[PDB]
Amino acid sequence: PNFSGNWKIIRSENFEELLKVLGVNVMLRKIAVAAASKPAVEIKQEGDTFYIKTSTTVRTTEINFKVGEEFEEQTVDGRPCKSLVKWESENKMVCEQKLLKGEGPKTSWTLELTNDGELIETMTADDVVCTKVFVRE
């Protein structure tokens, strides 16, 4: 169960629709799903410590966290949040997010490995879920 690698996206389901129900305007949705916005995800895992860099043709962001320790990131629609990841199993982590300011949808995400070595990401806002699948280069 090692999440490290250079992960390339191979499936995406319900992402634009999730943004739509969050109130994201149509220009930004279409951009978010364009080929040019396809995420490449680099992960370095060392036990419970993660470094994850997500890059597209125009953006790059890095997060560093340790499982069980609170950190700060942004929600699917860009609002700052405090996050905390826990293991649900040997091969799956789950993250609960809490907005830093104001109120909003209950948001969370998960990452898990398949035995064939696919990485599955889900992101949830209230009752709406999006799933992306990646494979290693």
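Bear in mind these aren't lab numbers, they're just calculated from the coordinates by the rules spelled out. Backbone-built Cβ (ideal geometry, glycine too); neighbour counts: all protein chains shown.
Residue-wise, which Karplus ³J(HN,Hα) couplings in Hz belong to the stretch 43-55, taking 6.51 cos²θ - 1.76 cosθ + 1.60, θ = phi - 60°, and x for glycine or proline?
Taking θ as phi minus 60°, the curve returns 10, 10, 9, 10, x, 8, 9, 10, 10, 10, 10, 10, 10 Hz for the stretch 43-55.
Net charge around residue 49, counting only other residues with Cβ within less than 11 Å of its Cβ (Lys, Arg = +1; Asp, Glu = -1)? Spell out each step's value before the answer.
Details: positive: 44, 66; negative: 46, 48, 69.
Net local charge, residue 49 excluded: -1.
What number results when the radius of gyration of the chain, computed over Cα atoms, is divided by 2.2 N^0.38 Å?
Details: Rg = 14.5 Å, N = 137, 2.2 N^0.38 = 14.3 Å.
Working it through for the chain, the quotient is 1.01.
With θ taken as phi - 60° and the coefficients 6.51, -1.76 and 1.60, list the Karplus ³J(HN,Hα) couplings across the stretch 127-136 in order, rounded to whole Hz; mark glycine and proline as x.
Going residue by residue, I get 9, 10, 10, 10, 10, 10, 10, 10, 10, 6 Hz, with x marking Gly and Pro.
Long-range amide H contacts for residue 85: which residues qualify at under 5 Å (H placed 1.01 Å from N, peptide plane, sequence gap of 5 or more or a different chain)?
Those qualifying (amide H under 5 Å, at least 5 residues apart or on another chain) are 68, 69.
Go through 61, 28, 93 and say which Cα lies farthest out towards the positive end of the charge dipole of the chain; charges sit on Cβ, +1 for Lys and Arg, -1 for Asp and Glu.
28
When a footprinting reagent is the concern and you count Cβ atoms within 10 Å, what order do 108, 89, 55 take, fewest first?
Numbers: 108 18, 89 10, 55 14.
With the fewest neighbours first, 108, 89, 55 line up as 89, 55, 108.
For residue 37 and residue 77, FRET efficiency with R0 = 22 Å and r from the beta-carbon atoms, rounded to 0.05? Each step should come with its number before you reach the end.
Numbers: r = 14 Å, r/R0 = 0.66.
The calculated FRET efficiency here is 0.95.
Please compute, for the alpha-carbon atoms of the stretch 1-76, the extent along each of the three principal axes and give them in descending order in Å.
Here the Cα extents, ordered largest to smallest, are 40, 25, 22 Å.
Go through the stretch 111-125 residue by residue and turn each phi into a ³J(HN,Hα) via Karplus (6.51, -1.76, 1.60, θ = phi - 60°); whole Hz please, and just put x for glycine and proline.
So the J values, rounded to whole Hz, are 9, 8, 9, 9, 6, 6, x, 7, 9, 10, 10, 10, 9, 10, 10.
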